[PDB]
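Before any comments, here is the structure.
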Amino acid sequence: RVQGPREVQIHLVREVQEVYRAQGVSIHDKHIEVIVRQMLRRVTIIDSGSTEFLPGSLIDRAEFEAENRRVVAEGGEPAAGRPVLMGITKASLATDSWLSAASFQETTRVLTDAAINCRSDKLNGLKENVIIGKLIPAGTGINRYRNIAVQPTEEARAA
Amino acid sequence: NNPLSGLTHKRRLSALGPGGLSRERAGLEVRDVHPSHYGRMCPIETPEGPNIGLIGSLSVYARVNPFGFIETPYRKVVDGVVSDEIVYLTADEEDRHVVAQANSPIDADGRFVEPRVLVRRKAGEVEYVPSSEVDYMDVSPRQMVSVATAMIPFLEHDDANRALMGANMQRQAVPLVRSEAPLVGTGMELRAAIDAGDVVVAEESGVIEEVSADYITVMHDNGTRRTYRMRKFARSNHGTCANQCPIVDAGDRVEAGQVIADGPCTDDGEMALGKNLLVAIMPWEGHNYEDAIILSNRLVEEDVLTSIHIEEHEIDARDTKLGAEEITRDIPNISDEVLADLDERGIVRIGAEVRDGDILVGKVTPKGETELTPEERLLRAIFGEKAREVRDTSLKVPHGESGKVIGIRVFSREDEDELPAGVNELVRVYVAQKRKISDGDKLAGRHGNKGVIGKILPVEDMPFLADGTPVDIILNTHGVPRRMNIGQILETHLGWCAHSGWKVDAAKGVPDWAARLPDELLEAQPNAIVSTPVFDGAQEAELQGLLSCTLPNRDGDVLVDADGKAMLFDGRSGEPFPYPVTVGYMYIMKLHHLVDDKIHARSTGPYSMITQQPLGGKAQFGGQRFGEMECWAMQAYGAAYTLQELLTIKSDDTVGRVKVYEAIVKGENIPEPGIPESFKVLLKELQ
Amino acid sequence: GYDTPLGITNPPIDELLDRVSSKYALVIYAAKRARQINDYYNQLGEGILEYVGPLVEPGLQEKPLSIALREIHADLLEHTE
Amino acid sequence: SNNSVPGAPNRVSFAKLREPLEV
Amino acid sequence: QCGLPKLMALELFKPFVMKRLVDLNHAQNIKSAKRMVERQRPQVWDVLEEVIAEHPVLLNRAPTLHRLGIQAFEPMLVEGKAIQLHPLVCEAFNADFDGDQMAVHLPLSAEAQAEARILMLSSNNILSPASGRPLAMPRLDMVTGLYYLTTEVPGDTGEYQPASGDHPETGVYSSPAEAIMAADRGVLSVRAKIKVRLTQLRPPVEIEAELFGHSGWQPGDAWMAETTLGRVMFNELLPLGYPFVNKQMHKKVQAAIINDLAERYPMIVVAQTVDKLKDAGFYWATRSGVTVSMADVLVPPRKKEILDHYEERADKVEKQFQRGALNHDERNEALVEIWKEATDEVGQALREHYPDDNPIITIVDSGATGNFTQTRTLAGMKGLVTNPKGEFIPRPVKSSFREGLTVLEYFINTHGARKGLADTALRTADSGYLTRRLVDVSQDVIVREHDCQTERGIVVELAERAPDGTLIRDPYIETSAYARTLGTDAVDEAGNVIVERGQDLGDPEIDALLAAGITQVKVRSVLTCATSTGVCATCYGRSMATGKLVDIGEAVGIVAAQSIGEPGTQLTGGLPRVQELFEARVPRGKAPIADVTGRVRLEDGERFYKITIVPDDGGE
Amino acid sequence: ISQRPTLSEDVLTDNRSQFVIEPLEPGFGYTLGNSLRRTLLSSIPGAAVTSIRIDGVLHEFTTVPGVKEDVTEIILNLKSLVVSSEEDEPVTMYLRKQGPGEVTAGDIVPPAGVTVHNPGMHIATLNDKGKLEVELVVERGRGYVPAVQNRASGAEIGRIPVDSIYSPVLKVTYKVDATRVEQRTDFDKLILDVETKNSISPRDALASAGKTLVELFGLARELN
Amino acid sequence: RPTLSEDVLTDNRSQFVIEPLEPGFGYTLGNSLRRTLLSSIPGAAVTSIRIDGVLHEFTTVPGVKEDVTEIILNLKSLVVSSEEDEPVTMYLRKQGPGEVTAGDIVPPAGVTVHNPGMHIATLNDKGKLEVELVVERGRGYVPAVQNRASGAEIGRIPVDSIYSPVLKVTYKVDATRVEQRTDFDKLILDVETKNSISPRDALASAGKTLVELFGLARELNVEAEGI
DNA sequence: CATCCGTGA
Ligand SMILES: [Mg+2]
Ligand SMILES: [Zn+2]
């Protein structure tokens, strides 16, 4: 609230680092930053506006700026948003897939809420796919690499 | 596990169990060493795992008072004068008093040397206190330790971390074919062996009237005769070899309380937990890198570290709905080559050799009269062989097991042997193995120095001394100062002096270093046995001096120096090693973590009844578990197809794993995985 | 300039990686060709119109993957994503 | 010696004389 | 490669062996072929040898803390029932040989084996994905073995001697083949400094320019050197095309060479090069003469002298507290300082007293293993022990382990030793839990694009400006800048650009900016680059394992989690601090920060601190 | 800068004998006496018991009524039995003794061409009413051959395969006197030390050692 | 199965593969065969030299590019075969601008130089060079201090004598899998020789030599062995 | 910002 979302990221990364520095551990700032990035992907709802966003709800920046891109084109009031920092635990629980959430912690709580909200799960993630037995959506599992046709060059020919 | 395994296990202080505490309820205060534990409960002996501090052993000299508290012995000092009168004190009672340390210098009458002595006080506080205020003093220097703990020579030279493991591992020692007493002792090896009950002690005095490998007869003084029967080749609770042998010869005069016949891990009534090995402290071609161990093949050609392991195999015949299981020598579709080692009943013959997959007890059961396959009906009309209604339900030898059949126990409902409701014939076949030591077998010393056998070289490859003698075991130098357990070093020095023998120079008087050395140790024979009691015994000055006293070999040459080192010749290149290597004798135990048990694998096998996943364990022939942690490693790599395969066609895909087996044996390509049957279970459990 | 690659390190992966976009792509690239070669051998016994056989000499009892991985190094295959 | 009580092998001991009580 | 037991593999490849048994007609069908394998007929041992031909298997060693916890190997049939493992990958598995087991998983599908041999093969995973440093490097016997021969011994025999009088120059050899025959006779020491003409080793870059003018050194071109025989044998492994290194091989030195080989030279070169180093390390660790004796471990000469000095300085503090001029909190606080100082002076007493011949110190100072703090405890003294509270005990353990601790000493050290084992078991549980939280939070983070294209980045402090002048390398250089890719052209004072945008920062590309004078660079970060799902490739930059740009598709989110949790066991803030940060808790310290910049107005009270800040720009 | 064909001297003792070989190349003595030491300890032909049989015994793990030892300890006592046979093929020995008293290696009855070299060796202490009828099989071989190999051949259930330590060599070592005096007087003098099992002579052991090595080094001389 | 002998080649050096050895005989054969090729094969080399314009070593020879040191070294690498055991003397003289080689040497009868193209020293104009060489015969390697009195004390220089015609030999012992046994030994041997003799012949001579040693032992009984 | 119940380690 004092120095903005970018500064709080730089502060966390170096304060975290300072602990591994003292004990002689060397982690590249890169890896830390990946986790840090996932903490700030949500912004809170100050004013509901015309949107269907419940006030006092942590919603993704992608969703927040795309719904405020649809209502802006609709003519209604856009929701006022303030950036919010989340601990990795609750951030992992607030995930889009209830499968991933229930298979993390507080399984009885995850299901109770998900069965009420009628949340549908798009099985598009790592934890999601592993459970159902699908190929994981990373590495050699993505269609870019998965669907490859290999053929002999026209030069290559049976003897 | 051993005469000590029992002993240790017969006296244990566990805070677990009903009325006590749970494992998750216990904080960090319950577990650590309390001041009052002195002389009552050991601070060293406790498990490494999640049970640490919640399990301990009772100190040697302690006992239990009628109210359930722990008392401990102290010597009573009247007024600066030690008195042989002893009174047992409880924890809180001692706190009200003031206790002196055991090793405090005492006059030949009973008085103290210095006015101010070392003093133990309430709340674990210690201070110097005048001799007028001394109430009691300790019984022994080794008063605070446990039974297995006091068996660790030079304990006060090893850090509590490794010394802990040094105590715990002795428990897992294995009884060898025959056992030697350690060259370096602590004195505890005797009383431990006797009080184990796994040796044979003479009740009343007399003379051995007759001795055989079967039993010993003792003719008393009053005339009565007591006969002691020898436990021969019995299987322990843990498949080790409890085998007893008569010590005394016929006609020996034996008094009461004397060991007349000892058991496994015992040599002349002493705890023989290992063998005396000729050690070498050095790196050698990397084969001992990271705590691995190199062995001389001499230990394989002379069975020095060879053990016997007995297994009990069981199977029964019950009353079913389709008839009754019968034990017969006739098993459907089996040649007479496989049945060749059975008798007329269907039982293997004693002395026969058995490998894995072979048949021990032939049993067949009436299989359900279900419609046999139309394709197998057709196959039975061509060759005209009528199908039997009896399925093979034989007791075959489990994967890995093998050896000589050393006995049969049969219980028949027919022969009035009382059986549980439904059982007719029950067969017990006992198979022993003569496991020589091999690669991967975990060895250890008493100082927390563990490790597995990396390589066993031929006897000639071994780094040898000047006279040609090859060392037995090559320990790596790197893994010694880190562990702070340099008591294994001192054991090597004293161990060499004990093998060669020694003689202090008495000319020009008795030397100043060997002035505290009791008379009996000023001259020692080759292969002598000695005691180094914990918090007493040898000190570094006497050890150094004794290294100078080392008697020469048969050729009249001394082999090690005053440093304790010696010059070795590399058995491979021939050239002498550039620097002197520390050589001596060490006591090494065979622990019960052998590869022959540890190894296991599986292509396909049994499967879970609900989750339809593989079963788990070597006993059920199950596959490994690819856990949540391992699925992260895969995910990190980005090996989707590997990860998918493991959790689909390698796991609980009912139709997949069968069509994978077929695709392999036909030499085709692996098909595409389906739906994990476990996921179907979840969607039904949710419903 | 190196020493002769032994066993499963051959063909040298570095030169393998020059003919492909990434480590991941090379896997499906090779494996899908390893599938073709094993089809050809099983199909040929009873089926015409199989995928083209080994474009290089098959080593004695050489694994189908090991065949594919070599002719990739021979640039005898075409690459599509 | 150390434990000269049962009829055991003689194991000589570096020690201060221990005569309080047997184990 | 890895040694796979003949017994394990037969059940692993059981349906693959049954296949070839009925192929070569040893069995008439699939049912009988099964019987052959179970009875273990002598035929199958020839068949299985053909089946496992270049068919990789997996070696898993739990706990799987990072992805190098599972690596692939080329299976090698071996007599015995134990798995044989390469001495280098023990740094990755964190596996010793005190009874450790390993799980084995055999890949079946054509894609799986492809994934194993290419992605998961141990010879491809040489570097740590956490730091980019070598893990598959000389470690214990190997380092001590190499450190042996590369050491320069002053007066050793065969040493080079200048010509004077009637005798010419001693110690000059024509070729390495000659110097070899000299030590074989016994004239030359493999550690002595001599002069040799070499014909198959590229000279130092500083000397190549002097002797050739960088005419391009060639296999056959000669040049004279001033090293030892051992240092020459060592450089034949690197081998040709790599500049000679005339130093003694400390671990940090060897860490540099491999890390350079990882950069320039290709993977299959590094894998083979490091292999040669291992064979050399062990053979020479053998004839290194590194042995532990009671004699090699010596107690200091001023042992009782130094301890009497500080016990006298202690009795003075005890009597100063006896008169009550010292606080009880101050009494022990000073007693701690006295004996801390004492222990140090004991360590100094060892270093100079101990020969560099001393194998205990030879192992410590060469980076092989062990700390000198261990050597102090062993030969000097244990020192202060920890209270159940954690505070250091006012009473010191004056005894070393060589001398033998007193009965009471052993007791209090044991207490600390146990509580250490207890905590080492409790942090691990906390470390693994933190790990699993980190994995779940960054699972949707994958490299999906090749570039976000945004110009957004973040500033990194390259170096600090020295007061006298010049520059001082920042301590955070390695971990914050060295793997990044630039987001803006880096210009000096001139209009001349040193490094472009879209350029990966390498080692010499840091020196190009370090010498130019620029001390601040803007770099593309994971934070800044914004894409739809996950992140881009360019922003993330150089994957610490490949040494090159990260491949599109790598689950950098999970690797990051592993890379943070893996070394979490080694902490004292500590590990709770790490949790307190990633879980965004309102901290314990709760130190206040300035709301608006301005002039500070300190107004301390003895009962309470109060801070006022007058706003720099008007304000209240 | 001198040439002299070498020698092979001898300084004797009954069981062990010192061989002196000189003059050899400078720094050659060590890697030369070692090549003999490694040939002696591994590949010198001797003879020992392979399998046995006892009356009333079907396997190694039992006891004979009336005897102090069990079959395990008895078989383990027979490992130190020293035998020398000339019969290249297996031969059968016999030992039968009853009543009180001690049985030894002397009571063994070696057939034609078999000799026991240590009759005072203790086997078992047969107490009263104890009878021991044994049947030992002796073969010629080299090195060390484990018991476990005999059983699968077809050996009947009566037989108990025993470990074989054929190696008649006991302990081998050497020392070298290298004259490093600065001159053309630089040479090495080898002193080989060989001790046997009283199965063969120390000389006969060095002879079979050389015959082996000569035949091995003869392949380096043959042309392509 | 009787053991085989193999050869992989190069002009000056080659590798020899011996398999299958009875388990434990690789090392038994290893260092014993290496120390034979390096020490037990006779040849000829330079014992001492003499230079005209030299009264001490630190100053280079008048009119020569190379230092006194680098010329000794180049001369050490000279390969020579003498026919008589007794020490012979060869003279090498050249003057003017150019380069002096091993073909300029004037050799005695029955004394051959095998690398006449070897660079030795680069003379400039007005550069005079006269050198007396002392050639002996022997085995292995002999230090310089032992040859400090083999020339006239008016500038006699002791030189390191490399009599042996074999330059450098290494060996590795891997394991070959015979039958079911994977214990059998495989001996790889790397041998590099001078330009005087072929490696393939240097081994046969080194192989014949050792057969003589083990003869002494065998002579006593020739009891038993099997191939 | 500090307690009481439920949920993990
Ligand atoms: Mg371990
Ligand atoms: Zn981006």
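By convention here, the chains of the structure tokens are called A, B, ... in the order presented, each chain's residues are numbered starting at 1, and ligands are numbered starting at 1 in the order presented.
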Using only C-alpha atoms (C1' of nucleotides), which residues sit within 8 Å of residue 200 in chain B once same-chain residues fewer than 5 positions away are excluded, as a ChimeraX atom specification? /B:228,259-263
Expected answer as a ChimeraX atom specification: residues within 9 Å of ligand 2, only C-alpha atoms (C1' of nucleotides) and all ligand atoms: /E:449-454,524-531,534-540
Excluding residue 13 in chain D and residues on its chain fewer than 6 positions from it, collect all residues at most 7 Å away from it, counting only C-alpha atoms (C1' of nucleotides), and give them as a list in words.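 Near neighbours after the sequence-gap exclusion: residues 530, 531, 532 and 537 of chain B; 1 and 2 of chain D.
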For the residues in that selection, give me N, CA, C and O atoms as a short mmCIF file (atom, residue, chain, number, x, y, z; two decimals), in the first residue's frame.
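Writing the result to result27.cif gives the following:
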```cif
data_model
loop_
_atom_site.label_atom_id
_atom_site.label_comp_id
_atom_site.auth_asym_id
_atom_site.auth_seq_id
_atom_site.Cartn_x
_atom_site.Cartn_y
_atom_site.Cartn_z
N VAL B 530 41.84 -57.96 26.36
CA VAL B 530 41.93 -56.89 27.35
C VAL B 530 40.61 -56.13 27.50
O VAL B 530 39.72 -56.24 26.65
N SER B 531 40.49 -55.36 28.58
CA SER B 531 39.28 -54.60 28.87
C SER B 531 39.53 -53.10 28.95
O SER B 531 40.47 -52.65 29.60
N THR B 532 38.68 -52.34 28.27
CA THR B 532 38.72 -50.88 28.37
C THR B 532 37.37 -50.35 28.81
O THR B 532 36.60 -49.86 27.99
N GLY B 537 39.84 -47.40 31.88
CA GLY B 537 40.64 -48.10 30.89
C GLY B 537 41.80 -47.32 30.32
O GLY B 537 42.38 -46.45 30.98
N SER D 1 42.56 -58.90 36.19
CA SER D 1 41.26 -59.41 35.78
C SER D 1 40.16 -58.38 36.03
O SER D 1 40.39 -57.36 36.68
N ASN D 2 38.97 -58.65 35.52
CA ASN D 2 37.83 -57.76 35.72
C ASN D 2 36.71 -58.43 36.52
O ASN D 2 36.41 -58.01 37.64
#
```
At most 7 Å from ligand 1 (only C-alpha atoms (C1' of nucleotides) and all ligand atoms): residue list as an mmCIF file with C-alpha atoms, in the first residue's frame:
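So the final result, stored in pocket05.cif, reads:
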```
data_model
loop_
_atom_site.group_PDB
_atom_site.id
_atom_site.type_symbol
_atom_site.label_atom_id
_atom_site.label_comp_id
_atom_site.auth_asym_id
_atom_site.auth_seq_id
_atom_site.Cartn_x
_atom_site.Cartn_y
_atom_site.Cartn_z
ATOM 1 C CA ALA E 95 22.912 -41.014 -1.481
ATOM 2 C CA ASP E 96 25.732 -42.542 0.547
ATOM 3 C CA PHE E 97 26.625 -46.209 0.981
ATOM 4 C CA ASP E 98 25.614 -46.914 4.569
ATOM 5 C CA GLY E 99 22.756 -49.165 3.513
ATOM 6 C CA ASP E 100 20.823 -47.014 1.063
#
```
Secondary structure check, strand (DSSP E) residues of range 46-172 of chain F, as an MDAnalysis selection string: chainID F and resid 46:54 83:85 91:92 94:97 102:104 108:109 114:116 122:125 132:142 144:145 160:161 164:165 169:172
Writing out the chosen residues with C-alpha atoms as a PDB file, in the first residue's frame:
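Resulting contents of selection_1.pdb:
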```
ATOM      1  CA  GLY F  46      46.567 -78.641  -5.193  1.00  0.00           C
ATOM      2  CA  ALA F  47      43.972 -81.015  -3.772  1.00  0.00           C
ATOM      3  CA  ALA F  48      41.208 -80.957  -1.179  1.00  0.00           C
ATOM      4  CA  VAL F  49      37.884 -82.491  -0.201  1.00  0.00           C
ATOM      5  CA  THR F  50      34.876 -81.573  -2.351  1.00  0.00           C
ATOM      6  CA  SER F  51      31.986 -83.536  -0.850  1.00  0.00           C
ATOM      7  CA  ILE F  52      31.348 -85.893   2.071  1.00  0.00           C
ATOM      8  CA  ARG F  53      28.766 -88.338   3.443  1.00  0.00           C
ATOM      9  CA  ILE F  54      27.981 -89.535   6.965  1.00  0.00           C
ATOM     10  CA  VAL F  83      45.725 -83.552   1.429  1.00  0.00           C
ATOM     11  CA  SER F  84      47.824 -84.332  -1.657  1.00  0.00           C
ATOM     12  CA  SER F  85      46.431 -86.542  -4.424  1.00  0.00           C
ATOM     13  CA  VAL F  91      38.884 -90.665  -5.238  1.00  0.00           C
ATOM     14  CA  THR F  92      37.050 -91.840  -2.124  1.00  0.00           C
ATOM     15  CA  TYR F  94      37.152 -93.509   4.542  1.00  0.00           C
ATOM     16  CA  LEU F  95      36.996 -92.927   8.288  1.00  0.00           C
ATOM     17  CA  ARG F  96      35.348 -95.331  10.737  1.00  0.00           C
ATOM     18  CA  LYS F  97      35.832 -95.216  14.512  1.00  0.00           C
ATOM     19  CA  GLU F 102      39.146 -89.030  19.949  1.00  0.00           C
ATOM     20  CA  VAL F 103      39.085 -89.300  16.151  1.00  0.00           C
ATOM     21  CA  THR F 104      41.759 -87.605  14.043  1.00  0.00           C
ATOM     22  CA  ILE F 108      41.350 -91.468   7.686  1.00  0.00           C
ATOM     23  CA  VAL F 109      42.125 -94.194   5.159  1.00  0.00           C
ATOM     24  CA  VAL F 114      46.481 -90.030  -1.533  1.00  0.00           C
ATOM     25  CA  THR F 115      48.450 -88.791   1.473  1.00  0.00           C
ATOM     26  CA  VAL F 116      47.463 -87.000   4.685  1.00  0.00           C
ATOM     27  CA  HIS F 122      41.341 -82.927  15.620  1.00  0.00           C
ATOM     28  CA  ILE F 123      38.056 -83.777  13.919  1.00  0.00           C
ATOM     29  CA  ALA F 124      35.618 -84.869  16.623  1.00  0.00           C
ATOM     30  CA  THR F 125      35.630 -86.036  20.245  1.00  0.00           C
ATOM     31  CA  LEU F 132      31.127 -92.088  13.323  1.00  0.00           C
ATOM     32  CA  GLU F 133      31.200 -93.533   9.811  1.00  0.00           C
ATOM     33  CA  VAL F 134      32.264 -90.997   7.183  1.00  0.00           C
ATOM     34  CA  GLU F 135      33.053 -90.996   3.451  1.00  0.00           C
ATOM     35  CA  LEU F 136      35.137 -88.180   1.937  1.00  0.00           C
ATOM     36  CA  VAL F 137      35.678 -87.356  -1.750  1.00  0.00           C
ATOM     37  CA  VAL F 138      38.952 -85.787  -2.909  1.00  0.00           C
ATOM     38  CA  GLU F 139      39.700 -83.977  -6.176  1.00  0.00           C
ATOM     39  CA  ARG F 140      42.486 -82.029  -7.864  1.00  0.00           C
ATOM     40  CA  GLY F 141      41.969 -78.342  -8.673  1.00  0.00           C
ATOM     41  CA  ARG F 142      43.307 -74.838  -8.075  1.00  0.00           C
ATOM     42  CA  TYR F 144      39.067 -71.745  -4.288  1.00  0.00           C
ATOM     43  CA  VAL F 145      35.875 -73.466  -5.426  1.00  0.00           C
ATOM     44  CA  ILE F 160      26.938 -82.798   1.569  1.00  0.00           C
ATOM     45  CA  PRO F 161      28.977 -80.503  -0.757  1.00  0.00           C
ATOM     46  CA  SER F 164      37.286 -76.465  -1.570  1.00  0.00           C
ATOM     47  CA  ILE F 165      40.480 -74.544  -0.858  1.00  0.00           C
ATOM     48  CA  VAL F 169      50.234 -71.897  -0.912  1.00  0.00           C
ATOM     49  CA  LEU F 170      50.170 -70.313   2.543  1.00  0.00           C
ATOM     50  CA  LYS F 171      51.891 -66.916   2.649  1.00  0.00           C
ATOM     51  CA  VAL F 172      53.965 -65.029   0.074  1.00  0.00           C
TER      52      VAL F 172
END
```
Applying 9 Å and only C-alpha atoms (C1' of nucleotides), which residues near range 61-68 of chain C remain after dropping the ones on its own chain fewer than 2 positions away? List them as a short mmCIF file (atom, residue, chain, number, x, y, z; two decimals) with N, CA, C and O atoms, in the first residue's frame.
```
data_model
loop_
_atom_site.label_atom_id
_atom_site.label_comp_id
_atom_site.auth_asym_id
_atom_site.auth_seq_id
_atom_site.Cartn_x
_atom_site.Cartn_y
_atom_site.Cartn_z
N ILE C 8 24.84 -46.00 -25.31
CA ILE C 8 23.59 -45.25 -25.38
C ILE C 8 23.84 -43.74 -25.53
O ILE C 8 22.90 -42.97 -25.71
N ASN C 10 25.58 -42.71 -28.01
CA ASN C 10 25.64 -42.59 -29.46
C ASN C 10 24.28 -42.86 -30.11
O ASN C 10 23.59 -43.82 -29.75
N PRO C 11 23.88 -42.02 -31.07
CA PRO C 11 24.60 -40.84 -31.58
C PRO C 11 24.69 -39.71 -30.56
O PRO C 11 23.75 -39.54 -29.78
N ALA C 30 11.58 -38.89 -32.63
CA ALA C 30 12.23 -40.19 -32.70
C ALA C 30 11.26 -41.33 -32.40
O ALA C 30 11.19 -42.31 -33.15
N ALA C 31 10.51 -41.20 -31.32
CA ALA C 31 9.63 -42.27 -30.86
C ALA C 31 8.56 -42.63 -31.88
O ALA C 31 8.25 -43.81 -32.06
N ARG C 33 8.85 -42.39 -34.99
CA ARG C 33 9.56 -43.11 -36.05
C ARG C 33 9.91 -44.52 -35.57
O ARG C 33 9.91 -45.47 -36.35
N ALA C 34 10.19 -44.65 -34.27
CA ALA C 34 10.45 -45.95 -33.68
C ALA C 34 9.19 -46.82 -33.75
O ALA C 34 9.27 -48.04 -33.84
N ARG C 35 8.04 -46.17 -33.72
CA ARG C 35 6.77 -46.86 -33.85
C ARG C 35 6.57 -47.35 -35.28
O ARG C 35 6.04 -48.44 -35.50
N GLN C 36 7.00 -46.54 -36.24
CA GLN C 36 6.87 -46.88 -37.66
C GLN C 36 7.72 -48.08 -38.02
O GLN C 36 7.28 -48.98 -38.73
N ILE C 37 8.96 -48.09 -37.53
CA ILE C 37 9.89 -49.17 -37.80
C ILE C 37 9.42 -50.50 -37.21
O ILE C 37 9.56 -51.55 -37.84
N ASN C 38 8.84 -50.46 -36.02
CA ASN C 38 8.35 -51.68 -35.39
C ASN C 38 7.04 -52.16 -36.03
O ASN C 38 6.73 -53.35 -36.01
N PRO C 54 13.86 -49.51 -42.33
CA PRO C 54 15.06 -48.81 -41.86
C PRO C 54 15.89 -48.21 -43.00
O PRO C 54 16.38 -48.94 -43.85
N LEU C 55 16.04 -46.89 -42.98
CA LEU C 55 16.78 -46.17 -44.02
C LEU C 55 18.29 -46.32 -43.83
O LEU C 55 19.08 -45.78 -44.60
N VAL C 56 18.67 -47.04 -42.78
CA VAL C 56 20.07 -47.37 -42.53
C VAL C 56 20.21 -48.84 -42.18
O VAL C 56 19.21 -49.52 -41.95
N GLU C 57 21.44 -49.32 -42.13
CA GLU C 57 21.70 -50.72 -41.80
C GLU C 57 21.36 -51.01 -40.34
O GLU C 57 21.87 -50.35 -39.43
N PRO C 58 20.47 -51.99 -40.11
CA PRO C 58 20.11 -52.37 -38.74
C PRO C 58 21.21 -53.21 -38.10
O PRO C 58 21.59 -54.25 -38.65
N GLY C 59 21.72 -52.76 -36.96
CA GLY C 59 22.68 -53.52 -36.20
C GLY C 59 22.03 -54.80 -35.72
O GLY C 59 20.80 -54.90 -35.66
N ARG C 70 19.54 -42.96 -35.17
CA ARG C 70 20.73 -42.91 -36.01
C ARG C 70 20.44 -42.21 -37.34
O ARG C 70 21.24 -41.41 -37.80
N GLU C 71 19.29 -42.53 -37.94
CA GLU C 71 18.93 -41.95 -39.23
C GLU C 71 18.43 -40.51 -39.09
O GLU C 71 18.35 -39.79 -40.09
N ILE C 72 18.09 -40.10 -37.87
CA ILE C 72 17.83 -38.70 -37.58
C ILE C 72 19.14 -37.95 -37.74
O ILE C 72 19.19 -36.85 -38.31
N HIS C 73 20.21 -38.57 -37.24
CA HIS C 73 21.55 -38.04 -37.37
C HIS C 73 22.01 -38.07 -38.83
O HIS C 73 22.93 -37.34 -39.21
N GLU E 50 20.73 -59.50 -24.56
CA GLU E 50 20.34 -58.87 -25.82
C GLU E 50 19.14 -57.95 -25.65
O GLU E 50 19.01 -56.95 -26.35
N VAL E 51 18.26 -58.30 -24.72
CA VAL E 51 17.02 -57.57 -24.48
C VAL E 51 17.26 -56.18 -23.89
O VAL E 51 16.66 -55.20 -24.33
N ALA E 53 19.66 -54.35 -24.21
CA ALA E 53 20.58 -53.59 -25.05
C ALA E 53 20.11 -52.15 -25.28
O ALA E 53 19.14 -51.91 -25.99
N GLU E 54 20.82 -51.21 -24.65
CA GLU E 54 20.50 -49.78 -24.74
C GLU E 54 19.03 -49.48 -24.42
O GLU E 54 18.43 -48.58 -25.01
N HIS E 55 18.46 -50.25 -23.48
CA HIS E 55 17.09 -50.02 -23.01
C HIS E 55 17.15 -49.43 -21.61
O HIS E 55 17.22 -50.16 -20.63
N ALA E 110 7.51 -46.39 -26.50
CA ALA E 110 8.56 -45.83 -27.34
C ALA E 110 8.87 -44.38 -26.99
O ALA E 110 9.99 -43.91 -27.16
N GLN E 113 11.06 -44.29 -23.30
CA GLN E 113 12.49 -44.56 -23.41
C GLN E 113 13.19 -43.38 -24.07
O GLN E 113 14.33 -43.04 -23.73
N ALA E 114 12.50 -42.77 -25.02
CA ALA E 114 12.99 -41.57 -25.68
C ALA E 114 13.13 -40.43 -24.68
O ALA E 114 14.11 -39.68 -24.71
#
```
